[PDB]
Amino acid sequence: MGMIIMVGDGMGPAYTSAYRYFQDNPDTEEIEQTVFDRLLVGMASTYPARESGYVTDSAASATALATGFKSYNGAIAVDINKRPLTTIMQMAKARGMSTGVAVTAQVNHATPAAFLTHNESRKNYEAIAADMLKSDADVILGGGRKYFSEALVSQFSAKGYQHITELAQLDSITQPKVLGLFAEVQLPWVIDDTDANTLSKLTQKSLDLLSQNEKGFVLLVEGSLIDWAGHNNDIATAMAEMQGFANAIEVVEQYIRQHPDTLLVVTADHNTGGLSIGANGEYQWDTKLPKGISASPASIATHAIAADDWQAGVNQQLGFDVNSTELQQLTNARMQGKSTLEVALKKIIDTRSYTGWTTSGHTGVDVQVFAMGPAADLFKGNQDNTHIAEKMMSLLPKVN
């Protein structure tokens, strides 16, 4: 059977709840269900191994999801004693099934890394990239050109991989073994791109290849930038990444309607930023304003710094006109640089929209577990994140 594990990096309960309200049609009376609402089946604890406290990082959480083992923050498929653990992908391969990963961050980032490689530290990018050549994964799509040298790519070409760097080349890929690196590091923010279908395209392509194996497959799809946006406390950019992730989930749903013998599992590796729908004593979340933001605070700050006359440009991208107080704040910030300007912009956006945050890091709240397919009910209720791995693994073909 086919299997798809989708991870909304840093997508705690607030993110999915926010997405519903953000996408709510202001003209329709009721609030329309989102794909998350339709697929919710349970929740999961995200804590790492005891020695790391109660707040996990992406490496530890991904390790739990791919191996069913807890481990220290930073660990990449190795246990607390740095012993390499068998990932579900290895189990799949050992069973002659196809495997793959499609993400928006570098293909060698923590999450995908924990599914295809083993390393005592997530910081070892080049070694992890090289180790991926041992996984023999059929599909590797995402960013991270910076981490693969001409010589490494050559080794990948020798083992039968087709190397591509432009989305325009996807159409010509119709056979297993593809290494697609579509960006130096992470792919472009959805809010600043031509549309929100890039992750969906990598997903649809993965399914097209993987599904040609009668024995089945295990595909990992990660909405990696939800987390990055969360760290930046960037709500407008976060919601855009949420749409990109939701579109991909839709891609898989359609696939399942056409391939009934499949299991889809969607979850978060952890929560990021402490996002809150409503803030500062305000009992409301102004979604009308966010929808009007057509660019990332970074994009808006870059432009504002490059233009002599920038004020009109900022209001045009924010979707509203800044007042005198906020104008002076953008003015001072601009003199101090791009970074300080972005922060100034996000402060205005957050104050205007009543969006809250508690940290630039992670938080420990349990995340949601979603699923679709015959075995969906195995993931009902509360469970630890490691249990998600054990369940998916229990569906793989018999030992003999």
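The numbering used is simple: start at 1 and walk along the sequence shown.
The PDB entry records a higher mean C-alpha B factor for 155-163 than for its counterpart among 155-163 and 229-237. When 342-350 is weighed against 368-376, 342-350 comes out higher, by mean CA B-factor as recorded in the entry. In the PDB entry, the Cα temperature factor peaks, among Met91, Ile305, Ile191, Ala127, at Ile305. When the C-alpha B factors of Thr99, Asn108, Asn119, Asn197 are read from the deposited coordinates, the top value falls at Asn197. Per-chain ranking of the deposited C-alpha B factor places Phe217 in the lowest third. For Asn332, the recorded CA B-factor ranks within the highest third of the chain. Only modelled residues enter the ranking.
Split the chain's modelled residues into thirds by C-alpha temperature factor. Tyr283 is in the highest one. Compared with the other modelled residues of the chain, the Cα B-factor recorded for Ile31 ranks in the highest third. The entry lists a Cα temperature factor for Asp309 that places it in the highest third of the chain's modelled residues.
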